[PDB]
Amino acid sequence: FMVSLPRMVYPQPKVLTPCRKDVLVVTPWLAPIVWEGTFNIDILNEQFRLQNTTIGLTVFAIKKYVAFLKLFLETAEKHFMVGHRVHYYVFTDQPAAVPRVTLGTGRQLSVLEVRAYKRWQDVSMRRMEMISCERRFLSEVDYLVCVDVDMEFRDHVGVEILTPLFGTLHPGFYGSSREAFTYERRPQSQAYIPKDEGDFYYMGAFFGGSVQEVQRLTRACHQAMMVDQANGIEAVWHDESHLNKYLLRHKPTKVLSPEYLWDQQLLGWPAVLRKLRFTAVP
Ligand SMILES: O=c1ccn([C@@H]2O[C@H](COP(=O)(O)OP(=O)(O)O)[C@@H](O)[C@H]2O)c(=O)[nH]1
Ligand SMILES: [Mn+2]
């Protein structure tokens, strides 16, 4: 049950004037594509605070990648879901190397010890098995957000992203034709997508949704990866390839623009990006 919003004063949305004319702001299945200028954060914050929303953030820091946690967490404290309840879940092979980062009120961090795989490919992929922790998330958070650690927040990432299931447009492919998408192209793989299929190329570094939908996605991807392994094939881009197959066949209910996953070193700062929110660390 949802209580009424309070009286709020804000500019009237004008039907005969788009918020953005330069970009697609809704998919053909009527999912919003989240860009700066498309949302009033005050309205959204009200809607989500009235539900006492808790957001879980999962992040893997294995072997040398523990070095990225301090900046990741400090910047998340400045920019990620500020004002809302947040539970970070840090999955690591080195619990003692997790930095002691000072957290704001209503925010907590759990360190979860996992095994370290030799191959970075396996480390990256095996994130699906670990996320699929099932009993824990259901009791503790409403939404799960799954991100890479070699990153920093530079601007607001908030409740505008929350929805049953979301993916993020990969910054290298948002302007590309589908034939250029680096989907898995071998029919022998469960991740296979033909040249005439595909909506978007989503990045493995930022996806999420409700706990139920995220655990459906991660279970499905893990099972598909196990089939591939049994068949002696490894998808070209690992769990990202599987994530893309899943989101082709199960359309996300929001899509995040590349504001939400950017690499300024490789791609600069195009005019179409009004904000750079969450960016790669060299
Ligand atoms: O040795 C490793 C390799 C990978 N990862 C995790 O898997 C994610 C994806 O790998 P990576 O960031 O290297 O992929 P890329 O962004 O370079 O494509 C990393 O962000 C980490 O969260 C890790 O913790 N230790
Ligand atoms: Mn990364």
# chains A, B, ... in the order shown; residues from 1 in each chain; ligands from 1
>>> residues_near_ligand(ligand="ligand 2", cutoff="12 Å", atoms="only C-alpha atoms and all ligand atoms", output="PyMOL selection string")
chain A and resi 59-61+65+68+72+120-121+123-124+146-152+170+203-206+240+261-263+278-282
>>> write_last_selection(atoms="N, CA, C and O atoms", output="CSV table (one decimal), in the first residue's frame")
chain,number,residue,atom,x,y,z
A,59,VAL,N,29.4,-5.8,-5.1
A,59,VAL,CA,30.6,-5.5,-5.8
A,59,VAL,C,31.6,-6.5,-5.5
A,59,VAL,O,31.8,-6.9,-4.3
A,60,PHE,N,32.3,-7.0,-6.5
A,60,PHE,CA,33.4,-8.0,-6.3
A,60,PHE,C,34.7,-7.4,-6.4
A,60,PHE,O,35.0,-6.6,-7.3
A,61,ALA,N,35.6,-7.7,-5.4
A,61,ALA,CA,36.9,-7.2,-5.4
A,61,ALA,C,37.9,-8.4,-5.0
A,61,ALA,O,38.1,-8.7,-3.9
A,65,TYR,N,42.2,-6.3,-7.3
A,65,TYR,CA,41.0,-5.4,-7.5
A,65,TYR,C,40.6,-4.8,-6.1
A,65,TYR,O,39.8,-3.9,-6.1
A,68,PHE,N,40.8,-1.0,-5.6
A,68,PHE,CA,39.8,-0.1,-6.1
A,68,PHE,C,38.6,0.2,-5.1
A,68,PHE,O,37.8,1.1,-5.3
A,72,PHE,N,35.9,3.6,-4.8
A,72,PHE,CA,34.6,3.1,-5.1
A,72,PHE,C,33.6,3.4,-4.0
A,72,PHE,O,32.6,4.1,-4.2
A,120,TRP,N,40.8,-14.3,-14.8
A,120,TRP,CA,39.9,-13.1,-14.6
A,120,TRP,C,38.6,-13.4,-15.3
A,120,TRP,O,37.6,-12.9,-14.8
A,121,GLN,N,38.6,-14.1,-16.4
A,121,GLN,CA,37.3,-14.5,-17.0
A,121,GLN,C,36.4,-15.2,-16.1
A,121,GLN,O,35.2,-14.9,-16.0
A,123,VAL,N,36.7,-15.2,-12.7
A,123,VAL,CA,36.3,-14.3,-11.6
A,123,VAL,C,35.1,-13.5,-12.1
A,123,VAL,O,34.1,-13.4,-11.3
A,124,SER,N,35.2,-12.9,-13.2
A,124,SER,CA,34.1,-12.0,-13.7
A,124,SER,C,32.8,-12.8,-13.9
A,124,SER,O,31.7,-12.3,-13.5
A,146,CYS,N,24.1,-4.4,-9.2
A,146,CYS,CA,25.4,-5.2,-9.4
A,146,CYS,C,26.3,-4.4,-10.3
A,146,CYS,O,26.0,-4.2,-11.5
A,147,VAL,N,27.5,-4.0,-9.7
A,147,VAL,CA,28.4,-3.2,-10.4
A,147,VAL,C,29.9,-3.7,-10.3
A,147,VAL,O,30.2,-4.4,-9.4
A,148,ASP,N,30.7,-3.2,-11.3
A,148,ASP,CA,32.1,-3.4,-11.3
A,148,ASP,C,32.8,-2.5,-10.2
A,148,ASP,O,32.3,-1.4,-10.0
A,149,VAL,N,33.9,-2.9,-9.7
A,149,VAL,CA,34.6,-2.2,-8.7
A,149,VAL,C,35.6,-1.2,-9.2
A,149,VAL,O,36.0,-0.2,-8.5
A,150,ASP,N,36.1,-1.4,-10.4
A,150,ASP,CA,37.2,-0.5,-11.0
A,150,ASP,C,36.6,0.8,-11.6
A,150,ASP,O,36.7,1.1,-12.8
A,151,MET,N,35.8,1.5,-10.7
A,151,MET,CA,34.9,2.6,-11.1
A,151,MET,C,34.9,3.6,-10.0
A,151,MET,O,35.3,3.3,-8.8
A,152,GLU,N,34.4,4.8,-10.3
A,152,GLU,CA,34.1,5.8,-9.3
A,152,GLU,C,32.8,6.5,-9.7
A,152,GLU,O,32.5,6.7,-10.8
A,170,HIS,N,26.0,0.0,-22.9
A,170,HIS,CA,27.5,0.0,-22.9
A,170,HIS,C,27.9,1.3,-23.6
A,170,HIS,O,27.4,1.6,-24.7
A,203,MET,N,26.0,-3.3,-20.8
A,203,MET,CA,27.3,-3.6,-20.2
A,203,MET,C,27.2,-4.5,-18.9
A,203,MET,O,26.3,-4.3,-18.1
A,204,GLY,N,28.1,-5.4,-18.8
A,204,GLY,CA,28.1,-6.3,-17.6
A,204,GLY,C,28.4,-5.6,-16.3
A,204,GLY,O,28.1,-6.1,-15.2
A,205,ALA,N,28.9,-4.4,-16.4
A,205,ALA,CA,29.3,-3.6,-15.3
A,205,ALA,C,28.3,-2.9,-14.5
A,205,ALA,O,28.6,-2.3,-13.4
A,206,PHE,N,27.0,-3.0,-14.9
A,206,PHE,CA,26.0,-2.3,-14.2
A,206,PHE,C,24.6,-2.8,-14.6
A,206,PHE,O,24.0,-2.4,-15.6
A,240,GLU,N,28.9,-11.0,-19.6
A,240,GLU,CA,28.2,-9.9,-20.3
A,240,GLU,C,27.5,-10.5,-21.5
A,240,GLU,O,26.4,-10.0,-21.9
A,261,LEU,N,27.4,4.5,-17.1
A,261,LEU,CA,28.6,3.7,-17.2
A,261,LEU,C,29.4,4.3,-18.3
A,261,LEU,O,29.2,4.1,-19.5
A,262,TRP,N,30.4,5.1,-17.9
A,262,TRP,CA,31.2,5.8,-18.9
A,262,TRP,C,32.7,5.6,-18.8
A,262,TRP,O,33.2,5.2,-17.7
A,263,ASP,N,33.5,5.8,-19.8
A,263,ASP,CA,34.9,5.8,-19.7
A,263,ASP,C,35.4,7.1,-20.4
A,263,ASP,O,35.5,7.1,-21.7
A,278,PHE,N,29.1,7.7,-13.3
A,278,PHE,CA,29.8,6.5,-12.8
A,278,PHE,C,30.7,6.1,-13.9
A,278,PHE,O,30.3,5.7,-15.1
A,279,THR,N,32.0,6.2,-13.6
A,279,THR,CA,33.1,6.2,-14.7
A,279,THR,C,34.2,5.2,-14.3
A,279,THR,O,34.5,5.0,-13.2
A,280,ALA,N,34.8,4.7,-15.4
A,280,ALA,CA,35.9,3.8,-15.3
A,280,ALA,C,37.2,4.5,-14.6
A,280,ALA,O,37.5,5.6,-15.0
A,281,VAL,N,37.8,3.8,-13.8
A,281,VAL,CA,39.1,4.2,-13.3
A,281,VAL,C,40.2,3.5,-14.1
A,281,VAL,O,40.2,2.2,-14.2
A,282,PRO,N,41.1,4.2,-14.7
A,282,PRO,CA,42.3,3.7,-15.4
A,282,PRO,C,43.0,2.6,-14.7
A,282,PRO,O,43.2,2.6,-13.5
>>> residues_around(residues="stretch 53-55 of chain A", least_positions_apart="6", cutoff="8 Å", atoms="only C-alpha atoms", output="VMD selection string")
chain A and resid 81 84 to 87 140 to 145
>>> write_last_selection(atoms="C-alpha atoms", output="short mmCIF file (atom, residue, chain, number, x, y, z; two decimals), in the first residue's frame")
data_model
loop_
_atom_site.label_atom_id
_atom_site.label_comp_id
_atom_site.auth_asym_id
_atom_site.auth_seq_id
_atom_site.Cartn_x
_atom_site.Cartn_y
_atom_site.Cartn_z
CA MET A 81 21.19 6.62 -3.25
CA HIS A 84 17.92 6.12 1.20
CA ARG A 85 18.84 2.91 3.03
CA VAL A 86 21.84 1.22 1.42
CA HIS A 87 23.50 -2.14 2.13
CA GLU A 140 17.55 -7.43 3.67
CA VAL A 141 16.92 -5.28 0.60
CA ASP A 142 14.20 -4.39 -1.93
CA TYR A 143 16.45 -3.86 -4.95
CA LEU A 144 19.83 -5.21 -5.96
CA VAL A 145 22.35 -3.27 -8.03
#
>>> select_by_dssp(residues="stretch 27-121 of chain A", states="strand (DSSP E)", output="CSV table (one decimal) with N, CA, C and O atoms, in the first residue's frame")
chain,number,residue,atom,x,y,z
A,33,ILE,N,14.2,5.1,-20.9
A,33,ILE,CA,15.6,5.2,-21.0
A,33,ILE,C,16.1,6.4,-20.2
A,33,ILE,O,15.7,7.5,-20.5
A,34,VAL,N,16.9,6.2,-19.1
A,34,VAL,CA,17.1,7.2,-18.1
A,34,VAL,C,18.3,8.1,-18.5
A,34,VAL,O,19.5,7.7,-18.5
A,54,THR,N,15.1,0.0,0.5
A,54,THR,CA,16.5,-0.3,0.8
A,54,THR,C,17.1,-0.9,-0.5
A,54,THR,O,16.6,-1.8,-1.1
A,55,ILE,N,18.3,-0.3,-0.8
A,55,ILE,CA,19.0,-0.8,-2.0
A,55,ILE,C,20.2,-1.5,-1.7
A,55,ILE,O,21.1,-1.0,-0.9
A,56,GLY,N,20.4,-2.7,-2.1
A,56,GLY,CA,21.6,-3.5,-2.0
A,56,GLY,C,22.5,-3.2,-3.2
A,56,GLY,O,22.1,-3.1,-4.3
A,57,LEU,N,23.8,-3.1,-2.9
A,57,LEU,CA,24.8,-2.9,-4.0
A,57,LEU,C,25.9,-4.0,-3.8
A,57,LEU,O,26.5,-4.1,-2.7
A,58,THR,N,26.0,-4.8,-4.8
A,58,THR,CA,27.0,-5.9,-4.8
A,58,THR,C,28.2,-5.5,-5.6
A,58,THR,O,28.1,-4.9,-6.7
A,59,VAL,N,29.4,-5.8,-5.1
A,59,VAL,CA,30.6,-5.5,-5.8
A,59,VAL,C,31.6,-6.5,-5.5
A,59,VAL,O,31.8,-6.9,-4.3
A,60,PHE,N,32.3,-7.0,-6.5
A,60,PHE,CA,33.4,-8.0,-6.3
A,60,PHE,C,34.7,-7.4,-6.4
A,60,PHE,O,35.0,-6.6,-7.3
A,61,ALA,N,35.6,-7.7,-5.4
A,61,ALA,CA,36.9,-7.2,-5.4
A,61,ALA,C,37.9,-8.4,-5.0
A,61,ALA,O,38.1,-8.7,-3.9
A,85,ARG,N,18.1,4.0,2.4
A,85,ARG,CA,18.8,2.9,3.0
A,85,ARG,C,19.7,2.1,2.0
A,85,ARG,O,19.1,1.8,1.0
A,86,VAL,N,20.9,1.9,2.3
A,86,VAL,CA,21.8,1.2,1.4
A,86,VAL,C,22.6,0.1,2.2
A,86,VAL,O,23.1,0.4,3.3
A,87,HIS,N,22.7,-1.0,1.6
A,87,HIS,CA,23.5,-2.1,2.1
A,87,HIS,C,24.5,-2.5,1.1
A,87,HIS,O,24.1,-3.1,0.0
A,88,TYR,N,25.8,-2.3,1.3
A,88,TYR,CA,26.8,-2.7,0.4
A,88,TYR,C,27.2,-4.2,0.7
A,88,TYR,O,27.3,-4.5,1.9
A,89,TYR,N,27.4,-5.0,-0.3
A,89,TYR,CA,27.8,-6.3,-0.1
A,89,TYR,C,29.1,-6.5,-0.9
A,89,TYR,O,29.1,-6.4,-2.2
A,90,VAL,N,30.3,-6.5,-0.2
A,90,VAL,CA,31.6,-6.6,-0.8
A,90,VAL,C,32.0,-8.1,-0.8
A,90,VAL,O,32.2,-8.6,0.3
A,91,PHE,N,32.1,-8.7,-2.0
A,91,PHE,CA,32.5,-10.0,-2.1
A,91,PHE,C,34.0,-10.0,-2.4
A,91,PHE,O,34.5,-9.4,-3.4
A,92,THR,N,34.8,-10.7,-1.6
A,92,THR,CA,36.3,-10.6,-1.8
A,92,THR,C,37.0,-11.9,-1.3
A,92,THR,O,36.4,-12.6,-0.4
A,107,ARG,N,23.2,3.4,6.3
A,107,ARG,CA,24.0,2.7,5.3
A,107,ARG,C,24.9,1.7,6.0
A,107,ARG,O,25.5,2.0,7.0
A,108,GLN,N,25.1,0.5,5.4
A,108,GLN,CA,25.9,-0.5,6.1
A,108,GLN,C,26.6,-1.3,5.0
A,108,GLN,O,26.3,-1.3,3.8
A,109,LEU,N,27.7,-2.0,5.5
A,109,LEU,CA,28.5,-2.8,4.6
A,109,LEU,C,28.7,-4.2,5.2
A,109,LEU,O,29.0,-4.3,6.4
A,110,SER,N,28.6,-5.2,4.4
A,110,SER,CA,28.9,-6.6,4.8
A,110,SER,C,30.0,-7.1,3.9
A,110,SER,O,30.0,-6.8,2.7
A,111,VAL,N,31.0,-7.7,4.5
A,111,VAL,CA,32.1,-8.4,3.8
A,111,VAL,C,31.8,-9.8,3.6
A,111,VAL,O,31.6,-10.5,4.7
A,112,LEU,N,31.7,-10.3,2.4
A,112,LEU,CA,31.4,-11.7,2.1
A,112,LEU,C,32.6,-12.4,1.5
A,112,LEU,O,33.1,-12.0,0.4
A,113,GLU,N,33.1,-13.4,2.1
A,113,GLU,CA,34.3,-14.0,1.6
A,113,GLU,C,34.0,-15.0,0.6
A,113,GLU,O,33.0,-15.8,0.8
>>> atom_distance(atom1="atom CA of residue A:246", atom2="atom 7 (O, counted along the ligand's line) of ligand 1")
19.1 Å
>>> closest_residue(among="A:18, A:171, A:270, A:11", to="ligand 1", atoms="only C-alpha atoms and all ligand atoms")
A:171
>>> closest_residue(among="A:62, A:211, A:165, A:130", to="ligand 1", atoms="only C-alpha atoms and all ligand atoms")
A:62
>>> atom_distance(atom1="atom CA of residue A:77", atom2="atom CA of residue A:104")
7.0 Å
>>> select_by_dssp(residues="stretch 214-272 of chain A", states="alpha helix (DSSP H)", output="compact mmCIF listing (two decimals) with N, CA and C atoms, in the first residue's frame")
# COMPACT_ATOMS: atom_id res chain seq x y z
N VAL A 214 16.55 -9.95 -10.15
CA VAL A 214 17.99 -10.07 -10.27
C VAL A 214 18.42 -11.52 -10.02
N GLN A 215 17.78 -12.16 -9.05
CA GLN A 215 18.12 -13.57 -8.82
C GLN A 215 17.66 -14.48 -9.98
N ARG A 216 16.55 -14.14 -10.64
CA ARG A 216 16.15 -14.85 -11.87
C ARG A 216 17.19 -14.69 -12.97
N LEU A 217 17.68 -13.47 -13.14
CA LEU A 217 18.64 -13.21 -14.19
C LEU A 217 19.95 -13.93 -13.90
N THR A 218 20.42 -13.84 -12.66
CA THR A 218 21.74 -14.41 -12.35
C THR A 218 21.70 -15.92 -12.36
N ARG A 219 20.60 -16.50 -11.89
CA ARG A 219 20.41 -17.96 -11.97
C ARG A 219 20.40 -18.42 -13.42
N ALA A 220 19.65 -17.72 -14.27
CA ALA A 220 19.54 -18.11 -15.66
C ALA A 220 20.91 -18.00 -16.34
N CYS A 221 21.64 -16.92 -16.07
CA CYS A 221 22.96 -16.75 -16.69
C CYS A 221 23.95 -17.81 -16.20
N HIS A 222 23.91 -18.13 -14.91
CA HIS A 222 24.81 -19.14 -14.36
C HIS A 222 24.51 -20.50 -14.99
N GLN A 223 23.23 -20.86 -15.08
CA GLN A 223 22.85 -22.14 -15.70
C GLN A 223 23.30 -22.21 -17.16
N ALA A 224 23.10 -21.12 -17.91
CA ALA A 224 23.52 -21.04 -19.31
C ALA A 224 25.04 -21.16 -19.45
N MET A 225 25.77 -20.56 -18.52
CA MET A 225 27.23 -20.66 -18.51
C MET A 225 27.70 -22.09 -18.23
N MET A 226 26.98 -22.78 -17.36
CA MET A 226 27.31 -24.18 -17.07
C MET A 226 27.07 -25.07 -18.29
N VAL A 227 25.99 -24.82 -19.03
CA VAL A 227 25.75 -25.55 -20.28
C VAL A 227 26.89 -25.30 -21.26
N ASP A 228 27.25 -24.04 -21.47
CA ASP A 228 28.39 -23.72 -22.33
C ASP A 228 29.67 -24.46 -21.90
N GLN A 229 29.97 -24.44 -20.60
CA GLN A 229 31.18 -25.12 -20.11
C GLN A 229 31.16 -26.60 -20.45
N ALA A 230 30.01 -27.25 -20.21
CA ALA A 230 29.84 -28.67 -20.56
C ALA A 230 30.04 -28.91 -22.05
N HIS A 238 31.98 -13.38 -21.97
CA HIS A 238 31.82 -13.95 -20.64
C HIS A 238 30.41 -13.69 -20.10
N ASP A 239 30.25 -13.31 -18.83
CA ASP A 239 28.88 -13.15 -18.35
C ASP A 239 28.14 -11.97 -18.99
N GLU A 240 28.87 -11.02 -19.56
CA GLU A 240 28.24 -9.94 -20.33
C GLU A 240 27.49 -10.48 -21.55
N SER A 241 28.04 -11.50 -22.18
CA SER A 241 27.38 -12.09 -23.33
C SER A 241 26.07 -12.74 -22.92
N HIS A 242 26.08 -13.43 -21.79
CA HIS A 242 24.89 -14.07 -21.24
C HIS A 242 23.86 -13.03 -20.77
N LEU A 243 24.35 -11.97 -20.13
CA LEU A 243 23.47 -10.89 -19.70
C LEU A 243 22.71 -10.32 -20.91
N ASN A 244 23.43 -10.12 -22.01
CA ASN A 244 22.80 -9.64 -23.25
C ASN A 244 21.75 -10.58 -23.81
N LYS A 245 22.03 -11.87 -23.80
CA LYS A 245 21.04 -12.84 -24.25
C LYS A 245 19.79 -12.79 -23.36
N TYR A 246 20.00 -12.75 -22.04
CA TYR A 246 18.88 -12.72 -21.12
C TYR A 246 18.02 -11.48 -21.33
N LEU A 247 18.66 -10.32 -21.47
CA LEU A 247 17.90 -9.07 -21.62
C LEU A 247 17.26 -8.90 -23.00
N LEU A 248 17.74 -9.66 -23.98
CA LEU A 248 17.04 -9.69 -25.26
C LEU A 248 15.70 -10.42 -25.12
N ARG A 249 15.73 -11.52 -24.38
CA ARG A 249 14.56 -12.39 -24.25
C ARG A 249 13.64 -12.04 -23.09
N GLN A 264 35.80 8.06 -19.63
CA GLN A 264 36.22 9.35 -20.17
C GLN A 264 37.57 9.25 -20.87
N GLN A 265 38.43 8.35 -20.40
CA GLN A 265 39.74 8.19 -21.02
C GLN A 265 39.58 7.73 -22.47
N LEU A 266 38.72 6.75 -22.70
CA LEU A 266 38.54 6.16 -24.02
C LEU A 266 37.53 6.90 -24.90
N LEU A 267 36.62 7.66 -24.29
CA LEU A 267 35.47 8.20 -25.03
C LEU A 267 35.21 9.69 -24.86
>>> closest_residue(among="A:80, A:201, A:237, A:10", to="ligand 1", atoms="only C-alpha atoms and all ligand atoms")
A:237
>>> closest_residue(among="A:125, A:8, A:96, A:138", to="ligand 1", atoms="only C-alpha atoms and all ligand atoms")
A:125
>>> residues_around(residues="residue A:162", least_positions_apart="2", cutoff="7 Å", atoms="only C-alpha atoms", output="MDAnalysis selection string")
chainID A and resid 159:160 209
>>> write_last_selection(atoms="N, CA, C and O atoms", output="mmCIF file, in the first residue's frame")
data_model
loop_
_atom_site.group_PDB
_atom_site.id
_atom_site.type_symbol
_atom_site.label_atom_id
_atom_site.label_comp_id
_atom_site.auth_asym_id
_atom_site.auth_seq_id
_atom_site.Cartn_x
_atom_site.Cartn_y
_atom_site.Cartn_z
ATOM 1 N N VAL A 159 17.360 6.908 -7.160
ATOM 2 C CA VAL A 159 16.219 6.007 -7.285
ATOM 3 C C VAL A 159 15.590 6.025 -8.667
ATOM 4 O O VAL A 159 14.767 5.159 -8.991
ATOM 5 N N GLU A 160 16.004 6.974 -9.496
ATOM 6 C CA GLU A 160 15.556 6.970 -10.880
ATOM 7 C C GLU A 160 15.903 5.668 -11.600
ATOM 8 O O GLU A 160 15.299 5.355 -12.624
ATOM 9 N N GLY A 209 17.768 -4.500 -10.368
ATOM 10 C CA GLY A 209 16.321 -4.653 -10.380
ATOM 11 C C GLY A 209 15.853 -5.072 -9.002
ATOM 12 O O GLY A 209 16.583 -4.926 -8.015
#
>>> closest_residue(among="A:213, A:176, A:75, A:155", to="residue A:134", atoms="only C-alpha atoms")
A:213
>>> closest_residue(among="A:16, A:236, A:3, A:82", to="ligand 1", atoms="only C-alpha atoms and all ligand atoms")
A:236
>>> residues_around(residues="residue A:99", least_positions_apart="6", cutoff="9 Å", atoms="only C-alpha atoms", output="PyMOL selection string")
chain A and resi 66-67+69-70+73
>>> write_last_selection(atoms="C-alpha atoms", output="PDB file, in the first residue's frame")
ATOM      1  CA  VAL A  66      40.757  -4.788  -3.722  1.00  0.00           C
ATOM      2  CA  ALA A  67      42.838  -1.650  -4.435  1.00  0.00           C
ATOM      3  CA  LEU A  69      37.442  -0.383  -3.110  1.00  0.00           C
ATOM      4  CA  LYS A  70      38.432   2.774  -1.249  1.00  0.00           C
ATOM      5  CA  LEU A  73      33.064   3.213  -1.647  1.00  0.00           C
TER       6      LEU A  73
END
>>> residues_around(residues="residue A:47", least_positions_apart="5", cutoff="9 Å", atoms="only C-alpha atoms", output="PDB file with C-alpha atoms, in the first residue's frame")
ATOM      1  CA  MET A   2       1.193   3.493  -0.936  1.00  0.00           C
ATOM      2  CA  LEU A   5       2.439  12.135  -1.943  1.00  0.00           C
ATOM      3  CA  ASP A  42      12.212  15.184  -5.941  1.00  0.00           C
TER       4      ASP A  42
END
